[PDB]
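Colleague: Before I ask anything, here is the structure I am working with.
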Amino acid sequence: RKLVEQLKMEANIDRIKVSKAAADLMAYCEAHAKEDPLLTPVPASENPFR
Amino acid sequence: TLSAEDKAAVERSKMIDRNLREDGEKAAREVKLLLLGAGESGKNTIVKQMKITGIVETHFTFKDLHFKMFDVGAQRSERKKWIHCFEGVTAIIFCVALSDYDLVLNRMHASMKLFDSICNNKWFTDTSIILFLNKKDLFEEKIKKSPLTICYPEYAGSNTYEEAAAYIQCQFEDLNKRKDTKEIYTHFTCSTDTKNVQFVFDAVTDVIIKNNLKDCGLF
Amino acid sequence: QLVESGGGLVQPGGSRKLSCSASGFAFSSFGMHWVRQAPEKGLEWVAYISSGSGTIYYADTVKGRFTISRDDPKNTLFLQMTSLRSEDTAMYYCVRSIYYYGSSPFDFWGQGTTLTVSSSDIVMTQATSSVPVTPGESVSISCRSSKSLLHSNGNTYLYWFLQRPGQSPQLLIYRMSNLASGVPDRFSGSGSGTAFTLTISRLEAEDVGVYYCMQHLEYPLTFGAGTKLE
Amino acid sequence: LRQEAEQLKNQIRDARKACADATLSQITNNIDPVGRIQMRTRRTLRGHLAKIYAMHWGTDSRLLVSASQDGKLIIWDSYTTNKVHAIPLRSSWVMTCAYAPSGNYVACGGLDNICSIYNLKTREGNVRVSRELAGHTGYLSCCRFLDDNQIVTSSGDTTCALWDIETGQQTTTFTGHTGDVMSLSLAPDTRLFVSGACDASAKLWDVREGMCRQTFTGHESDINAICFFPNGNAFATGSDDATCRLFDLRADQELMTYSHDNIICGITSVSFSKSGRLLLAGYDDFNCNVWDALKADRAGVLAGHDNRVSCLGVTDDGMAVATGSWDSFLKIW
Amino acid sequence: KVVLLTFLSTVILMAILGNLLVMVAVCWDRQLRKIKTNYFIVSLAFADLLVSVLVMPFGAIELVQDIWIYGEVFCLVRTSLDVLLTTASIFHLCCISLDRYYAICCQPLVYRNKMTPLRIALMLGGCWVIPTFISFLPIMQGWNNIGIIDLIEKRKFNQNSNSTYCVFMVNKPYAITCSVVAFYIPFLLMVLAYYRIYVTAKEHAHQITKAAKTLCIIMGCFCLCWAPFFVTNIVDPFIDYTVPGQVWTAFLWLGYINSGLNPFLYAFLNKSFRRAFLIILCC
Ligand SMILES: NCCc1c[nH]c2ccc(O)cc12
């Protein structure tokens with residue numbers, strides 16, 4: 001009954017090219033790489049787990 | 001070195017550990033049973049008789065053994081996403097109504113399908129099943145004027161109860177594809193105050209003894 | 001709430017039995033402390049008993065002389081006194097405590113009971129014994145200790161208490177940075193090792209009293225001389 | 001009014017195909033690969049007896065809660081392995097638990113449809129139920145806090161509900177899923193949340209508007225786990241097909257499939273690293289796998305469990321990863 | 001002839017290989033390590049391996065070289081080690097029987113939890129400490145020789161044999177006490193425990209054979225292995241030590257093969273252990 005209205009609402013939304021999404025995703029990932037202790041292990045002193 | 005507050009926290013943690021261990025020791029002493037069956041299979045009747053919008057827990061004790069049952073019938077949701085929670089149940093109590101062989105949801109076929117799906121489930125390979133045939137008196141009353149052939153085409157026998165019920169139970173037990181690992185304790189639900197719980201206790205004690213023997217390697 | 005009983009006049013060298021009844025909380029899970037105040041001096045630690053009676057400590061000035069025991073079923077705490085001496089003349093407090101990450105020990109203090117007898121610890125100093133204050137003014141209190149209270153784990157084990165005239169002490173700040181539950185935001189605390197201070201913004205009514213500092217790095221627990229605001 | 005739905009779906013598919021100019025693998029082909037990420041069990045937490053099904057990290061990144069069929073929730077001090085509280089549950093059949101962002105409250109639930117909110121900061125010391133939310137017809141699946149008063153829940157009723165704790169009644173009833181909802185995830189801004197269900201589709205919802213904004217598909221079986229990218233633009237989903245899929249809300253298209261020919265088991269938990277480079281998914285084959293979210297290549301294996309990796313979580317600071325299993329043990333890496 | 005010597009070597013090789021396989025199977029399989037009862041089999045097989053690598057090769061040397069080149073002290077050390085390890089294996093079997101009895105008859109519901117570390121430690125430490133009081137303390141001090149010193153002196157350098165050889169003659173008190181402690185009391189305990197096991201299995205299969213076969217096989221193996229040695233030991237101090245040395249050696253070895261058979265009886269015949277065995281074989 002009401003499914004057609006939901007599909008109509010979902011159809012009208014704007015969409016960006018996948019290339020822009022990938023570029024933004026990679027940029028965000030690269031920008032915060034300096035602050036990830038799992039991506040790059042930290043020395044024992046900084047690590048709260050010893 | 002730990003500080004005074006740290007030492008107090010460690011003492012509190014050890015006290016919590018002791019309490020958890022005591023509660024677990026209490027928990028291991030009581031059997032866990034799973035109750036299953038069709039909507040009108042008579043689960044309410046049997047659960048009320050044995051008792052001396054989700055899971056319903058019933059606690060009762062018989063001859064100094066703690067029993068609790070889990071009624072999962074109220075859950076109108078997909079089984080495979082939560083059935084694995086009951087992997088540790090000592091046994092499964094299954095209820096099927098004999099009188100439903102001539103009532104349309106073919107409800108006997110639905111019960112057989114559910115039995116096949118539960119007993120052959122990978123999560124219940126080692127768990128035993130206790131099967132109760134409910135409403136035996138009604139089946140006695142109605143069978144003599146309604147041949148069993150209406151439900152099972154390949155039947156070959158008379159309409160008398162003594163062999164009709166035998167054929168029903170044989171069909172229920174024949175669905176077990178893991179006869180070597182598990183057993184089907186079939187019984188008939190007669191109105192009573194103690195015999196049903198007596199049979200359940202006998203089944204559970206026998207099952208636990210067999211499990212212990214298997215663990216020790218003697219079986 | 002906690003209420004003490006068993007006080008009164010006692011001859012020197014005798015024995016008196018003090019007790020208090022806990023209600024309104026899980027007494028079993030909470031530790032208990034006994035703190036006494038002389039008629040004209042500051043607070044002094046006496047004894048401590050942990051939950052489940054798994055750990056008991058006494059102050060050197062009462063070692064052996066005093067005994068502390070618990071009874072969870074009746075939610076009552078006990079303290080046995082024997083061979084009293086004139087120095088024991090003081091009014092005693094029951095202090096509630098729980099120890100876990102984020103907890104606030106010494107949060108609740110009982111009404112207290114008065115006992116009259118016929119007649120390497122961490123030193124902490126509060127040189128500013130008294131300060132005249134005016135309502136609406138911002139005032140600060142300073143404290144010092146011999147041993148640094150900044151443990152290697154990062155927690156600075158110092159507590160601040162306020163005792164109003166004729167009223168039991170109330171926890172104000174714990175661990176030098178955390179305000180106790182129900183404390184107005186006016187109060188604040190900060191300080192490096194071996195030096196601590198407490199600040200009050202726009203002091204107002206019922207703020208006059210004696211402010212007591214307390215260390216909890218290691219037993220015995222030592223209280224300060226107190227700072228009086230008038 | 002019963003035939004145009006397929007035409008609209010075809011139009012949506014065409015629109016989604018139009019924006020598929022390039023794939024993430026092609027664009028990221030030139031990045032420096034992460035390399036082998038070796039992790040060792042720094043702490044192992046013991047004290048649970050039955051299976052552990054759920055865990056969550058506090059905002060402080062030091063306290064975590066874990067649920068088990070013992071009927072008890074244990075608040076764990078990860079730094080010292082100490083136990084802070086032991087909450088005896090009314091119903092032992094718990095399947096989910098959550099830790100409030102302020103740390104004052106803890107929630108849990110399961111086959112018993114009632115969702116119980118527990119107050120930790122009790123003046124009397126002992127923890128007690130603050131409220132017992134009810135109204136879900138089916139079993140409770142996942143629970144997550146938005147604040148000290150609002151909690152979002154999913155259940156087997158095929159519906160997700162937003163609850164106002166102070167009044168103890170549903171503020172909104174999200175509906176539209178065709179199958180049981182298996183997991184939930186809240187966006188960093190708390191404006192939106194995404195739910196996965198057994199209908200092999202993931203739907204994006206608006207907390208305040210109360211209707212589905214977007215629906216995603218591509219899995220061939222039930223979606224058992226789901227989690228946002230920490231930037232809030234993309235989310236990952238886990239399914240029984242052994243395949244992890246990354247979805248972007250703005251692009252409205254599937255980006256990558258993380259699967260290997262040697263993996264046949266299902267996926268029970270999924271989580272992201274703070275930077276988002278590392279995707280951690282708890283598989284049912286006795287170990288957890290580390291996937292590079294930008295390369296799709298496997299970077300490591302956290303094999304330290306014996307029964308089943310049931311829950312997985314990363315600290316808000318990213319310092320450590322917590323993995324629970326049906327061994328009744330929790331391991332912090 | 002060489003035929004016997006190679007037969008010994010085959011027995012020792014088989015026993016050592018079986019015991020080592022049992023060790024590695026238990027160490028590798030996590031599913032086995034989680035069960036309390038499995039620890040007892042580990043200690044039993046370890047005692048069997050000690051018997052294998054410290055006892056039977058020495059006997060192989062003895063039956064061929066016919067000269068105890070190692071001297072008086074090492075003969076005493078050999079006797080003490082052999083007695084200690086044999087009684088340790090017997091006590092391990094008896095305690096396994098008692099553990100099965102407890103689990104299957106007394107507290108079947110909470111058996112696994114009630115196996116606290118303290119009780120298993122008590123049993124295992126007993127299995128190794130009780131043998132010492134009969135194997136080292138009385139043997140080292142020579143308490144077994146008092147009252148029969150003349151016979152030992154004659155036997156050591158009989159007119160029939162110019163070459164020295166090991167002799168372990170035992171006197172009335174040591175004979176009776178040590179035999180009763182090592183074999184008869186454990187045998188009676190095992191018999192009672194397994195009879196009660198069988199009674200429980202027959203009774204609780206009622207209320208409406210495999211265990212019978214397993215128990216019969218185990219008990220028959222134990223009796224065939226150890227009964228002749230102890231009856232010979234008890235009888236000889238009463239018949240003036242007349243049994244020939246060949247029969248003594250045959251019975252002593254019949255006890256020795258018990259070490260190589262135990263892995264089959266208690267590890268290979270268990271449904272859980274064959275999983276670890278297959279895993280080890282595949283490697
Ligand atoms: N070779 C087995 C030695 C041994 C074990 N137990 C014994 C008991 C009595 C005895 O004379 C000798 C023994």
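Labels for the structure tokens follow display order: chains A, B, ..., residues from 1 in each chain, ligands from 1.
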Skipping near chain neighbours, those fewer than 6 positions away, what residues fall within 10 Å of residue E:17 using only C-alpha atoms, listed as a list in words?
Modeller: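 My list of contacting residues is residues 11, 23, 49, 52 and 260 of chain E.
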Colleague: Would you pick out the contacts of residue B:74 at 9 Å or less, using only C-alpha atoms, so that residues sharing its chain but fewer than 5 positions from it are not included, and give the list as an MDAnalysis selection string?
Modeller: (chainID B and resid 39 53:56) or (chainID D and resid 138)
Colleague: Show me which residues line ligand 1, defined as having an atom within 8 Å of a ligand atom where only C-alpha atoms and all ligand atoms count, and present them as a list in words.
Modeller: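 Protein and nucleic-acid residues within 8 Å of ligand 1: residues 79, 82, 83, 84, 85, 86, 87, 135, 168, 169, 170, 174, 175, 176, 178, 179, 180, 181, 182, 183, 229, 230, 233, 234, 252, 255 and 256 of chain E.
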Colleague: Next, write the just-selected residues to a file, as an mmCIF file, in the first residue's frame, keeping N, CA and C atoms as the atom set.
Modeller:
data_model
loop_
_atom_site.group_PDB
_atom_site.id
_atom_site.type_symbol
_atom_site.label_atom_id
_atom_site.label_comp_id
_atom_site.auth_asym_id
_atom_site.auth_seq_id
_atom_site.Cartn_x
_atom_site.Cartn_y
_atom_site.Cartn_z
ATOM 1 N N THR E 79 66.136 -50.456 41.646
ATOM 2 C CA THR E 79 65.009 -51.078 42.332
ATOM 3 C C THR E 79 64.036 -50.020 42.841
ATOM 4 N N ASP E 82 62.062 -48.442 39.884
ATOM 5 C CA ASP E 82 61.090 -49.372 39.324
ATOM 6 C C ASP E 82 59.879 -49.504 40.237
ATOM 7 N N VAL E 83 60.114 -49.717 41.534
ATOM 8 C CA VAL E 83 58.998 -49.866 42.464
ATOM 9 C C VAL E 83 58.166 -48.591 42.497
ATOM 10 N N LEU E 84 58.831 -47.434 42.569
ATOM 11 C CA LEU E 84 58.119 -46.164 42.637
ATOM 12 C C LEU E 84 57.210 -45.989 41.430
ATOM 13 N N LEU E 85 57.756 -46.182 40.227
ATOM 14 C CA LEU E 85 56.973 -45.939 39.021
ATOM 15 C C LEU E 85 55.848 -46.959 38.871
ATOM 16 N N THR E 86 56.111 -48.227 39.198
ATOM 17 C CA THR E 86 55.062 -49.237 39.111
ATOM 18 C C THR E 86 53.901 -48.899 40.038
ATOM 19 N N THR E 87 54.203 -48.598 41.303
ATOM 20 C CA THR E 87 53.135 -48.256 42.233
ATOM 21 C C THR E 87 52.444 -46.961 41.830
ATOM 22 N N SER E 135 58.813 -47.285 48.072
ATOM 23 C CA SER E 135 59.834 -47.547 47.068
ATOM 24 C C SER E 135 61.221 -47.056 47.450
ATOM 25 N N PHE E 168 66.312 -58.745 44.261
ATOM 26 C CA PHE E 168 65.412 -57.875 45.016
ATOM 27 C C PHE E 168 64.551 -58.724 45.954
ATOM 28 N N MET E 169 65.202 -59.617 46.694
ATOM 29 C CA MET E 169 64.489 -60.432 47.666
ATOM 30 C C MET E 169 63.838 -59.543 48.721
ATOM 31 N N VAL E 170 62.642 -59.942 49.152
ATOM 32 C CA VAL E 170 61.838 -59.167 50.087
ATOM 33 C C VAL E 170 61.465 -60.052 51.268
ATOM 34 N N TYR E 174 57.976 -56.327 54.906
ATOM 35 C CA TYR E 174 57.965 -55.520 53.693
ATOM 36 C C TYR E 174 57.125 -56.183 52.613
ATOM 37 N N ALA E 175 57.320 -57.485 52.399
ATOM 38 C CA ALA E 175 56.530 -58.188 51.396
ATOM 39 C C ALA E 175 55.044 -57.934 51.603
ATOM 40 N N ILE E 176 54.521 -58.309 52.771
ATOM 41 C CA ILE E 176 53.080 -58.222 52.996
ATOM 42 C C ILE E 176 52.611 -56.775 52.893
ATOM 43 N N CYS E 178 53.965 -53.900 51.610
ATOM 44 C CA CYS E 178 54.089 -53.280 50.302
ATOM 45 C C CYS E 178 53.158 -53.900 49.274
ATOM 46 N N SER E 179 53.018 -55.230 49.250
ATOM 47 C CA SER E 179 52.097 -55.842 48.299
ATOM 48 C C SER E 179 50.665 -55.394 48.560
ATOM 49 N N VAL E 180 50.248 -55.379 49.828
ATOM 50 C CA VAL E 180 48.885 -54.973 50.154
ATOM 51 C C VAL E 180 48.653 -53.526 49.744
ATOM 52 N N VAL E 181 49.621 -52.654 50.031
ATOM 53 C CA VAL E 181 49.463 -51.240 49.703
ATOM 54 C C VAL E 181 49.405 -51.045 48.193
ATOM 55 N N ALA E 182 50.289 -51.721 47.456
ATOM 56 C CA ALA E 182 50.455 -51.448 46.036
ATOM 57 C C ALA E 182 49.385 -52.090 45.163
ATOM 58 N N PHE E 183 48.960 -53.320 45.461
ATOM 59 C CA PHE E 183 48.105 -54.042 44.526
ATOM 60 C C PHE E 183 46.745 -54.404 45.110
ATOM 61 N N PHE E 229 52.477 -61.225 39.272
ATOM 62 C CA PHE E 229 53.673 -60.724 39.939
ATOM 63 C C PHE E 229 53.468 -60.650 41.446
ATOM 64 N N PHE E 230 52.323 -60.125 41.879
ATOM 65 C CA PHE E 230 52.088 -59.924 43.302
ATOM 66 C C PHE E 230 51.764 -61.218 44.037
ATOM 67 N N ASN E 233 55.074 -62.676 44.497
ATOM 68 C CA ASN E 233 55.807 -61.963 45.535
ATOM 69 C C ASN E 233 55.341 -62.355 46.931
ATOM 70 N N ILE E 234 54.031 -62.489 47.134
ATOM 71 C CA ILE E 234 53.523 -62.834 48.458
ATOM 72 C C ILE E 234 53.820 -64.290 48.799
ATOM 73 N N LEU E 252 57.655 -60.191 35.960
ATOM 74 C CA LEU E 252 58.075 -58.799 36.061
ATOM 75 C C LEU E 252 57.855 -58.079 34.739
ATOM 76 N N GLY E 255 54.213 -57.406 34.001
ATOM 77 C CA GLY E 255 53.872 -56.117 34.582
ATOM 78 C C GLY E 255 54.344 -54.960 33.722
ATOM 79 N N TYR E 256 55.507 -55.121 33.086
ATOM 80 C CA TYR E 256 56.088 -54.035 32.302
ATOM 81 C C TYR E 256 55.224 -53.695 31.090
#
Colleague: Can you list every residue in stretch 76-135 of chain B that DSSP puts in helix (DSSP H, G or I), as number ranges by chain?
Modeller: B: 83-86, 98-102, 107-119, 122-124
Colleague: At a cut-off of 6 Å, list the chain E residues touching chain B, using only C-alpha atoms, as an mmCIF file with N, CA, C and O atoms, in the first residue's frame.
Modeller:
data_model
loop_
_atom_site.group_PDB
_atom_site.id
_atom_site.type_symbol
_atom_site.label_atom_id
_atom_site.label_comp_id
_atom_site.auth_asym_id
_atom_site.auth_seq_id
_atom_site.Cartn_x
_atom_site.Cartn_y
_atom_site.Cartn_z
ATOM 1 N N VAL E 110 26.794 -32.035 39.245
ATOM 2 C CA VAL E 110 27.779 -30.982 39.454
ATOM 3 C C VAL E 110 29.198 -31.546 39.517
ATOM 4 O O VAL E 110 30.067 -30.969 40.159
ATOM 5 N N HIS E 204 19.831 -47.651 35.833
ATOM 6 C CA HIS E 204 19.305 -46.449 35.202
ATOM 7 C C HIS E 204 19.113 -46.598 33.699
ATOM 8 O O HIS E 204 18.525 -45.710 33.073
ATOM 9 N N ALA E 211 29.300 -50.647 28.456
ATOM 10 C CA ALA E 211 30.062 -50.404 29.675
ATOM 11 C C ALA E 211 30.560 -51.714 30.266
ATOM 12 O O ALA E 211 31.677 -51.790 30.789
ATOM 13 N N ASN E 270 38.646 -44.079 23.988
ATOM 14 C CA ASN E 270 37.777 -42.974 24.372
ATOM 15 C C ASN E 270 37.385 -42.208 23.116
ATOM 16 O O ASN E 270 38.245 -41.881 22.292
#
Colleague: Kindly assemble as a tab-separated table a list of the chain D residues that lie within 7 Å of chain B, each paired with its nearest atom pair and their distance in Å to one decimal, using only C-alpha atoms, sorted first by chain and then by ascending residue number.
Modeller:
residue	atom	partner	partner_atom	distance
D:47	CA	B:17	CA	6.5
D:82	CA	B:13	CA	5.6
D:83	CA	B:13	CA	4.9
D:84	CA	B:13	CA	6.8
D:86	CA	B:16	CA	6.9
D:111	CA	B:55	CA	6.2
D:112	CA	B:54	CA	5.1
D:113	CA	B:54	CA	6.1
D:137	CA	B:53	CA	6.5
D:138	CA	B:75	CA	5.9
D:139	CA	B:54	CA	7.0
D:156	CA	B:77	CA	5.9
Colleague: Which residues of chain C have any atom within 6 Å of an atom in chain B when counting only C-alpha atoms, and what is the closest pair of atoms for each, with the distance in Å to one decimal? Order the rows by chain and rising number and write it as a tab-separated table.
Modeller:
residue	atom	partner	partner_atom	distance
C:99	CA	B:9	CA	5.5
C:100	CA	B:9	CA	5.0
C:218	CA	B:4	CA	5.7
Colleague: Write the residues you've just listed into a file as an mmCIF file, in the first residue's frame, and include C-alpha atoms for each of them.
Modeller:
data_model
loop_
_atom_site.group_PDB
_atom_site.id
_atom_site.type_symbol
_atom_site.label_atom_id
_atom_site.label_comp_id
_atom_site.auth_asym_id
_atom_site.auth_seq_id
_atom_site.Cartn_x
_atom_site.Cartn_y
_atom_site.Cartn_z
ATOM 1 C CA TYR C 99 36.323 1.750 46.775
ATOM 2 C CA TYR C 100 36.102 1.324 43.004
ATOM 3 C CA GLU C 218 48.715 5.041 52.401
#
Colleague: Could you please determine the separation between atom CA of residue E:148 and atom CA of residue E:161 in Å, to one decimal place?
Modeller: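 Taking atom CA of residue E:148 as the start and atom CA of residue E:161 as the end point, the length is 19.6 Å.
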Colleague: At a cut-off of 12 Å, list the chain D residues touching chain E, using only C-alpha atoms, as a list in words.
Modeller: residues 49, 305, 306, 307 and 327 of chain D
Colleague: Next, dump the selected residues to file, keeping only C-alpha atoms, as a PDB file, in the first residue's frame.
Modeller:
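Saved to result-v3.pdb:
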ATOM      1  CA  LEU D  49      30.786 -18.805  32.974  1.00  0.00           C
ATOM      2  CA  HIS D 305      39.447 -17.638  20.796  1.00  0.00           C
ATOM      3  CA  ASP D 306      38.190 -21.213  21.020  1.00  0.00           C
ATOM      4  CA  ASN D 307      34.398 -21.250  20.537  1.00  0.00           C
ATOM      5  CA  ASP D 327      34.506 -18.986  25.535  1.00  0.00           C
TER       6      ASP D 327
END
